[PDB]
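Notes for the structure review
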Amino acid sequence: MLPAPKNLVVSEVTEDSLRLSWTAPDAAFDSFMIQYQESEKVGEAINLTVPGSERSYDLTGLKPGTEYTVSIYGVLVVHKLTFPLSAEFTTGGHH
Amino acid sequence: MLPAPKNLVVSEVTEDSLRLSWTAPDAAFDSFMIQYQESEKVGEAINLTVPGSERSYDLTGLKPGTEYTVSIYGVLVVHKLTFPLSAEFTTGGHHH
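- Method of determination for the deposited model, per the PDB record: X-ray crystallography, at 1.80 Å resolution.

In structure tokens, the structure reads:
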């Protein structure tokens, strides 16, 4: 429902890490979904979560001189109601 | 997203109360929402929450010989995703 996080950049890069930074509105998301994969084809994308109050994450364990595609999703816990089950009852005694 | 609680009955009725009873799968819900109102008209519907492990609730302080419309909803917790924001970054060092 709510619009995606914005402004995905790195604040730090090393030979085996990417320190992600992003923005999102206050109290908007319960978590962030982070998906990263080598921009080539060395398998499948890895998924991680981060608390929704956080705006940075140290992606570690990476290969040197390698381009990664990084996707961030805001995760929203929605509290939904089922289709109502309804009935009429009459209290005892005289109206 | 998912189908509903079931079998809404009263287990007990007095001149100013309705003891509600229902069924639901164990741990299917975290809470139930109960809405009730006089079936004619005397204001607005009242809402209350009850823990999701309960299958019974006493509606209190009602009027005698009066029909009430009762609705019960299970509260479901859903995880939603936004559209992704994607970017490419290159790690430091050389690309062996």
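Section: unusual backbone geometry
- With phi around 65°, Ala27 of chain A is a residue other than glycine that occupies positive phi space.
- Of note, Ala27 of chain A is situated in the loop between β2 (18-23) and β3 (31-38).
- Looking at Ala27 of chain A, the relative accessible area reads 75%, which means it is exposed.
- You will see that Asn7 of chain B, though not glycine, has its phi angle at about 50°, which is positive.
- With respect to the element layout, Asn7 of chain B can be found in strand β1 (residues 6-13).

Describing the pattern of salt bridges
Residues and elements named next belong to chain A.
- Within the structure shown, the criterion is met by 6 salt bridges over all chains.
- Note that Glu12 and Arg19 form a salt bridge whose closest N and O atoms lie 3.2 Å from each other.
- A residue is classified by how much of its surface remains accessible, and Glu12, at 28% relative accessible area, is partly exposed.
- Connected via shared salt-bridge partners are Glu12, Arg19 and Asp58.

Side note on the interface of chain B and chain A
- Taken together, the contact between chain B and chain A spans 53 residues of the former and 53 residues of the latter.
- Put simply, the parts of the chain that give the side of chain B that touches chain A at least two residues each are β1, β2 (17-23), β6 (67-81) and β7 (85-90) of chain B.
- Per-element accounting of the side of chain B that touches chain A gives the leading share, 15 residues, to β6 of chain B.
- Across the side of chain B that touches chain A, the residue classes tally to 29 nonpolar, 18 polar and 6 charged.
- With 6 bridges joining them, strand β6 (residues 67-81) of chain A and β7 of chain B adopt antiparallel strand pairing. Bridge pairing in β7 of chain B links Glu67 of chain A to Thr90 of chain B.

Comments concerning the pairing of β3 of chain A
Residues and elements named next belong to chain A.
- Residues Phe32, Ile34, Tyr36 and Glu38 of β3 are buried on one face, while the alternating residues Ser31, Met33, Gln35 and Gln37, pointing to the opposite face, are not.
- Pairing analysis gives 6 bridges linking β3 to strand β4 (residues 46-51), with the strands arranged antiparallel. Along β4, the bridge assignment pairs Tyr36 with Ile46.
- Examined bridge by bridge, β3 and β6 share 8 bridges and lie antiparallel to one another. Residue pairing for β6: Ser31 is matched across the bridge by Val75.

Re the environment of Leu20 of chain B
- Topologically, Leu20 of chain B is positioned in strand β2.
- Residue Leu20 of chain B is classed as buried on the basis of its relative accessible area of 0%.
- C-alpha of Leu20 of chain B to C-alpha of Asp58 of chain B: the two residues are 38 residues apart in sequence and 5.9 Å apart in space.
- In contact with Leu20 of chain B, other than residues within four places in its own chain, are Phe89 of chain A together with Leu8, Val9, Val10, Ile34, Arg55, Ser56, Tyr57, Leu59 and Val70 of chain B.

Rules behind the numbers
Residues numbered from 1 in each chain as written, not as in the entry; some residues may be left out. Chains lettered and ligands numbered in written order. Heavy atoms only, no water. Residues with missing side-chain atoms left out of burial classes, pairs and counts. Helix = DSSP H or I, 4+ residues; strand = E, 2+ residues; numbered from the N terminus. Buried < 20%, exposed > 50% of the residue type's maximum accessible area, 1.4 Å probe, protein only. Salt bridge = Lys/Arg side-chain N within 4 Å of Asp/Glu carboxyl O. Contact = heavy atoms within 4.5 Å. Nonpolar A, V, L, I, M, F, W, Y, C, P; charged D, E, K, R; others polar. Pairing = 2+ DSSP bridges.

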